[PDB]
Amino acid sequence: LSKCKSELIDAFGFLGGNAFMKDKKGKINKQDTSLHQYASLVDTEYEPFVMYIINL
Amino acid sequence: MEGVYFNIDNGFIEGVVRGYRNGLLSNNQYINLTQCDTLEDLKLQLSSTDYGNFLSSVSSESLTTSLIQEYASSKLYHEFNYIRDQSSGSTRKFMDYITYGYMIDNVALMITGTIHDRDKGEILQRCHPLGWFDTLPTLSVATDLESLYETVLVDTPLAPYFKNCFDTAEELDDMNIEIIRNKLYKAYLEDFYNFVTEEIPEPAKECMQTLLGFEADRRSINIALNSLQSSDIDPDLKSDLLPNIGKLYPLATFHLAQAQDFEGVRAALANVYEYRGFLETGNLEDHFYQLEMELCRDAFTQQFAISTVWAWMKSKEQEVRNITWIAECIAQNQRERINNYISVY
Amino acid sequence: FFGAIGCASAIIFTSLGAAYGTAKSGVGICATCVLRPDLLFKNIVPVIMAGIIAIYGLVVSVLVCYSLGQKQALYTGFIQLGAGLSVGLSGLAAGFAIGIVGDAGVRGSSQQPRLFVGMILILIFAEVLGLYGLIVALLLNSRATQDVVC
Amino acid sequence: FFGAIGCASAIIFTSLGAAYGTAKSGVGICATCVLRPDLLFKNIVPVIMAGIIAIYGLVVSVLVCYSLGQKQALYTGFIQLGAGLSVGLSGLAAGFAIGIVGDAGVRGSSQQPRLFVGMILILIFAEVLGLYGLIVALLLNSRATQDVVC
Amino acid sequence: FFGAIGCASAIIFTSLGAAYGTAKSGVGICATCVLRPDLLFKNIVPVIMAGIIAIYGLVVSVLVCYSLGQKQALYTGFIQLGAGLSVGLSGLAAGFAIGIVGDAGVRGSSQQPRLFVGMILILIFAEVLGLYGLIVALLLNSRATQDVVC
Amino acid sequence: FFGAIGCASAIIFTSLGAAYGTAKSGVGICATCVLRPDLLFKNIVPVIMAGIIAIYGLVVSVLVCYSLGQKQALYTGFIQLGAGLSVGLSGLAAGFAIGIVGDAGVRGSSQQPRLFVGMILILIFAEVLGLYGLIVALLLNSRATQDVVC
Amino acid sequence: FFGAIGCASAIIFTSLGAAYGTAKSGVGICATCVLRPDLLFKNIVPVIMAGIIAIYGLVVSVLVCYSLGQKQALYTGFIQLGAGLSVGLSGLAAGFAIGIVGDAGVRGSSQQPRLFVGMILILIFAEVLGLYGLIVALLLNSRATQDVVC
Amino acid sequence: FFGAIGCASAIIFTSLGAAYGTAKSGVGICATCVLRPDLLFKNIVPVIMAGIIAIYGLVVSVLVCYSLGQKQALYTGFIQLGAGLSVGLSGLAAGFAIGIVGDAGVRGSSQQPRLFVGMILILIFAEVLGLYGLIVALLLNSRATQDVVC
Amino acid sequence: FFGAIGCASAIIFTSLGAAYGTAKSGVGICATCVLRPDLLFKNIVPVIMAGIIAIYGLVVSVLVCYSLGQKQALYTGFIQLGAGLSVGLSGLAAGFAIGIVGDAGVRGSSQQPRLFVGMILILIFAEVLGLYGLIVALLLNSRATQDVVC
Amino acid sequence: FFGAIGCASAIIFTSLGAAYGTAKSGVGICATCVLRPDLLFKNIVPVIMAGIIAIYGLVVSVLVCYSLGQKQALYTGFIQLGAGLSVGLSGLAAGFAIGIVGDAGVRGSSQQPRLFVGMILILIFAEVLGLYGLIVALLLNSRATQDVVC
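Order-wise, the sequence lines are chains O, Q, Z, Y, X, W, a, R, S and T.
Count the first sequence with the authors' numbering and you get residues 337 to 392, in order.
Count the second sequence with the authors' numbering and you get residues 1 to 345, in order.
Count the third sequence with the authors' numbering and you get residues 11 to 160, in order.
Count the fourth sequence with the authors' numbering and you get residues 11 to 160, in order.
Count the fifth sequence with the authors' numbering and you get residues 11 to 160, in order.
Count the sixth sequence with the authors' numbering and you get residues 11 to 160, in order.
Count the seventh sequence with the authors' numbering and you get residues 11 to 160, in order.
Count the eighth sequence with the authors' numbering and you get residues 11 to 160, in order.
Count the ninth sequence with the authors' numbering and you get residues 11 to 160, in order.
Count the tenth sequence with the authors' numbering and you get residues 11 to 160, in order.
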């Protein structure tokens, strides 16, 4: 799953933004104060391209 | 003085205690937590600190009164219960022993609690060497005096509560709630002083030792305030343990405790103490905690000492009280009252 | 005689110190590693440090062994003796300081990886004691029977 | 003379060392094992590290018997003595080191089975000591018997 | 002379060892019977283990006694002494190891009856010393018998 | 002579041994008896278990008395001295062990009437040292007896 | 003979001193580096202050080595003894002061980084103690030394 | 020759007194400085008070060293030795008192800054204890060198 | 000689007495100083009481010096030694008393400075212990030389 | 000689006793007097009672000192020594008693201003011990003067 997500982030992320694509392999999750936030509630970093991951 | 001794056991016990201090709430964090009013926001901020992990473990769309206790109770399991497994020697028995002094007051409240018919899951967080998953439950449900003695014997080392439960049978601590608690508080301090005696010749105590005096007068003064504007019994011990009888006297403690608003003896006694004769109960409370807070902090950077660990154990009780007290206020969308002062102390 | 006991001293005392150092750092490393699997590689480094005390101690011992005899001068005896204690009791104390700071250095890893190097720095200074005994002990070995014992 | 005391010395120290070890580790093992019943194999690997010290000691001690006669020189004596010390001190020191690490290393097993191999690495560092005693003792022994000279 | 002290080391030291082992073990077992009252038979098997070292200790001694002369020889003497020491102290040390582990293992038996034998395997590992003592003690003895002749 | 110091060892150490056994078991039986009075008969068996050793020791002393004459030589002296040692120190150790298991065992008794015998089995294990000792001592005493060189 | 004891005393007591000094101060440092991750340079200076005692040591120890006689005179011998003492136990006293102070000063640093110069300043007071011992020794040693064969 | 040890004893025990003085005082200073950091100036005046005892100890040593020679009479040795004890141990005792009060007065300083100077005054009284003792050693020493007769 | 160790003993024991007095008294003094800042004058005088014991100790010591023999006897030595003890431990005991009573007395001063004077009178009763020994010691010194070297 | 150490014993031990005595009672005294000042007068009597034991000690001493001859025998020495001893240690122990009773008696004083005489009586039973020694000591002194008789 991880290696897959990384090959997608690198391939398509450019459309979202030149600085907004970082390398990530595994879901990065942040929740510390309002200086680091990750969620669809509030965020300050996320996926640059539209991606949801579905696991059973 | 200290550190003249070579100890493998102390090595671990000191490092682990120091490990917790490091993740602990700073000044900046306290300022940040007071501000809040959103339930979700509190969660986010708290997460950075050592206590913050427990919040993260299970989260909800609404913070409850129930959740806040459960996080703090979980943290005690890590800080206190776990460390004893990885320790042995004289170092372990000290971790056991200071917890047993807390245990004395806590179980007696549990026993009384059974009579009123409070539940065992309705007992709120407090330091112990076994949490609520073993020893505390067995004691709680039993109401008979005999069965309490048997439960203390399983533990190693034997807890003072054997002596205390024998006393209250013969009615040497009386019937009422008040009277028993006050005498048991003196018992707490009596055992604390004895644990200091055994441990002192190899690691020398400085900050702890001054703190053990300051706690003695301080405790007698907290009971004296509590039973003021109520009733106090003169032959009964409710004047508590004091370091010296020329520092403050039993007599002055007992007058102060009797209902006449005779605060002036406290004020005369207090010449560099932060408590002084005041009729404001709340102002005194702020002052007893700040005072209690100091001499703990100097220890935290003092190291390879049994002294350090003692001051931390009482400091964790004060940290739990403060964290839960700030957290609770924001839950129920209130701004800190007396709480504001004791955040930074 | 005094040679026999010379031999004995270096190998006993320096070994004890090492046993201590390794042991005490050890308790700390086991704790840290479950709480942090990531910094395993750093955690390990303090324990390995106290093993090298024993090796300098050992070098002396082997040397004394070869010069040993009661068929040789008092001077061979006494020189073996002094060589033994010299590395022996400094090893022992080196063992203590490495083991005390060592244990404490596991926490230093866990909260800041970056100033882990500060922990190492402190240890590297405690190692001078192994060196101080060993220098003096080596030369006593060369004195006892010439050109580093032939 | 002293050569008998060499033999005697070896069985006292090396026994005591190993005792202390197997005890320490044991209490931790027995306690820890209630939580997970599949930690058997893991639990044992601490304990056998120290089981081999005592047996190395045994090879050395026996050799010294055969070579111990009705009466022999002072020279043979002092050198036997010293062969005995060597195994004595390693047994003592390695046993004490292992039992501390093992006791603590069971907490390592329980929470994380994957970093068992890091726990092993600790345990293997204490085994060095056993070897350094055994090696030295044998060398002393072979040399010892050559008789003559007060 | 030296023979009487030969007797002393073996018969004192292994008796105190064994006594401690039993004592500790006992406490654990006596405690446990209230929770679980059918695992008695398995516990007992470790307990009796340390008493048979003592029966060996006592055999070593009786020999040395009869085998002693009034002629005196220091060399012959030290071997008689040196043999007793070995089973005495190895015995003391086994006795300490099996009672410590044994006592902790009764909490193990309590929860996890089924896998009790894993506790035994760790506990049994300190029996080796008693053996080590015997072996070495026997050989030394055999020389030592000569009637303390020079 | 040296035999009189032997006679003391036997009568003193075994008495201390049993005294402790009576003491330790006793304090526990006194507590147990006010909450469970029917288990009296049973409780009485752990304390009296320590008693049987003491009678062994005394038998030896009375023996030794007859065996001194009024003068003895050095060779004879030492065999009685070392002889005495055995029942006193083994007895001392056996008596100590039985007092500990015995005490802890009355609390076992208290909660489960039935397994009084299971506590008894633990006690008897410590007795082997006391019996074995007694035997060995007896044999030596008997050969010794002749006086002014045996 | 007595010159050997001069050598040891010198090189042992001064190591020990340094050990204490380094060990204690070390602990203090480790703690502040994870409470405050910027005080790195300030903290590090107290710890390294000790161990310089050792270098004065090496000079006097190395002198006595060469002069360690085959047979020694009494009159000459005791001055050679006393000479070692003086550097060693002075090094010990210096070390002991510095370690207490060392650990305590890193608390000064942690809570306020303004009085950093003042914590050091407490240490320096105790270092003059190591100096005075050396001086005195220097003087005894000069006379005492007459090379090989005192 | 026992005078050499005199020199040694004076400068070691006296230094240990100053060591003690500083160790204890340090802990009190380091604590005071974080509570209220403006009392620095006061805090430093007590610590250096313990440093002055040692300084008299060196003077005695140097003087004596030249008068010791290479060899001296027995009677002369023993007076030089006793002289050395007087200052050494009085030094030691003066340092302990200075280290307890030193500690107590800095705790006085934090809470109320007014009778700081009175705390200082107590320290100066223990400096008498070193002086008087020092006088009498000096007189013994000068008179004692005559090769028999003081 | 042993006459020299007489001086030694006087100055050391009485330094310990005085030191204890000053130490203890000091703690009390320092404490009292935060509770009231006008009692400094009263507070300081207890200390100077224990300060007069030391002075007494000097007159004995000088006395002994002058009275020293030509090479002495085993008996001469003893008369002088014995005198050192009398002044020295009478001092240790007078000095111990002044400090406890002193300490408790400064809590006395805190509550009521009017009956402070009352406490002084208690303090003076401890000094006589020192005096009686100081007197006895004088006489001894005078005897030592009489009979033309005893 | 052996007389001089008698004299020392007499004034020294009785002084240690009285010091303790004073010390304990003194803490109790100082406290009660600054709460009620009419109990000043009651206080005075415990402390001075323990003072007079020392003055009998002083007297005995003067006798032994004066009674010392010229190179007295070992046998003569012991008779003088024995008198000196009897008054000192009986003094020490009377001193212990008077202070322990004294302190509890100061509590008696506070609550009972009428049973002042009862408290005094308890103390007075410890003064018989002083008498018991003093008497015996005198008879011993007079005879003790022989002046060489083996």
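Using N, Cα and C, we set each Cβ at its ideal position, and we do this for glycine too.
*asked:* Please confirm whether S:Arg153 has its beta-carbon closer than 8 Å to some beta-carbon of chain Q.
replied: no
_Am I right that W:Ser77 and W:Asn151 are in contact with their C-beta atoms under 8 Å? What's the rounded C-beta distance?_
6 Å
*Do you know offhand how far R:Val158's Cα is from R:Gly27's?*
33 Å
_Helix, strand or coil for X:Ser71? Go by DSSP, reduced to three states._
helix
_Rounding to the nearest angstrom, what Cα-Cα distance links W:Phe12 and Y:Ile63 in this structure?_
41 Å
*Cβ-based contacts, 9 Å cut-off: residues of the stretch 56 to 77 of chain S near chain Q*: none
*Below 8 Å between beta carbons: does that hold for W:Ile132 and X:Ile89?*
no
_Identity of the residue in Q:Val309, Q:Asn7, Q:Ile342, Q:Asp9 nearest Q:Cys207 by Cα_ = Q:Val309
*Kindly list the residues whose CB is nearer than 6 Å to the CB of S:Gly79, restricted to its own chain and excluding five residues on each side of it in sequence; keep chain order.*
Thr86, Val159
*Helix, strand or coil for O:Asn354 per DSSP?*
coil
*Alpha carbon to alpha carbon, how far is W:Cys43 from Q:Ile342? Give it in angstroms, no decimals.*
55 Å
_Stretch pair the stretch 235 to 247 of chain Q + the stretch 217 to 226 of chain Q: three plus CB contacts closer than 8 Å_ = yes
_Near-chain Y residues of the stretch 60 to 87 of chain Q (beta-carbon distance less than 7 Å), N- to C-terminal order_ = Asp85, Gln86
*Taking DSSP as the reference, what is the three-state secondary structure of Q:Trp132?*
coil
*Relative to the alpha-carbon of S:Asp48, which residue among R:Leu125, R:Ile134, R:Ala136, R:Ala147 has its alpha-carbon at the smallest distance?*
R:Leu125
*At 9 Å on the CB atoms, spell out the chain Q contacts of O:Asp368, in chain order.*
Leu44, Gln45, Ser47, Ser48, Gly52
*Compare the beta carbon distance of T:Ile110 and S:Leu95 with 8 Å and say whether it is the shorter of the two.*
no
_C-alpha gap between W:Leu73 and W:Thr155, whole angstroms_ = 10 Å
*Close Cβ partners of Q:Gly282 (< 8 Å) along its chain, the five nearest in sequence each way excluded*: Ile338
*With burial defined as no fewer than 16 other Cβ atoms inside 10 Å of the residue's Cβ, what is the status of O:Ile390: buried or exposed?*
exposed
*Label Y:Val97 either buried or exposed according to how many other C-beta atoms from any shown protein chain fall within 10 Å of its C-beta, with 16 as the threshold for buried.*
buried
*Under 8 Å, do S:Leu91 and S:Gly31 count as touching if we go by C-beta distance?*
no
_Limits of the unbroken alpha helix (DSSP H) element including a:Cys43_ = 13 to 43
*asked:* To the nearest angstrom, how far is the alpha carbon of T:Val127 from that of T:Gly115?
replied: 11 Å
*Within 10 angstroms of the Cβ of W:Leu50, are there 16 or more other Cβ atoms? Answer buried if so, exposed if not.*
exposed
*Per-residue DSSP class, three states only, for O:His372*: coil
_Residue burial classification, Y:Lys34 (beta-carbon count within 10 angstroms, cutoff 16)_ = buried
*Grab the span of the alpha helix (DSSP H) containing Q:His78 for me, first residue to last.*
That residue, Q:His78, is in no alpha helix (DSSP H); it is neither H nor E in DSSP.
*Alpha carbon to alpha carbon, how far is R:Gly140 from R:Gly101? Give it in angstroms, no decimals.*
6 Å
*asked:* For the alpha helix (DSSP H) containing a:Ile110, name the first residue and the last one.
replied: 84 to 121
*Figure out for me which residue from S:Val146, S:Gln122, S:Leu148 has the closest Cα to the Cα of S:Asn53.*
S:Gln122
_Per-residue contacts from Q:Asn22 into chain a (C-beta, under 7 Å)_ = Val44, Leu45
*Give every residue of the same chain whose Cβ lies closer than 6 Å to the Cβ of a:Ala93, excluding the five residues on either side of it in the sequence, and list them in chain order.*
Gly16, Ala147, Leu150, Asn151, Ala154
*Along chain T, in chain order, which residues have C-beta atoms closer than 8 Å to that of Q:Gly246?*
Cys40, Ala41, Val44
_Any beta carbon from chain O within less than 8 Å of Q:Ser57's own beta carbon?_
no
*With a threshold of 16 other CB atoms inside 10 Å of the CB of Q:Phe133, please say whether the residue is buried or exposed.*
exposed
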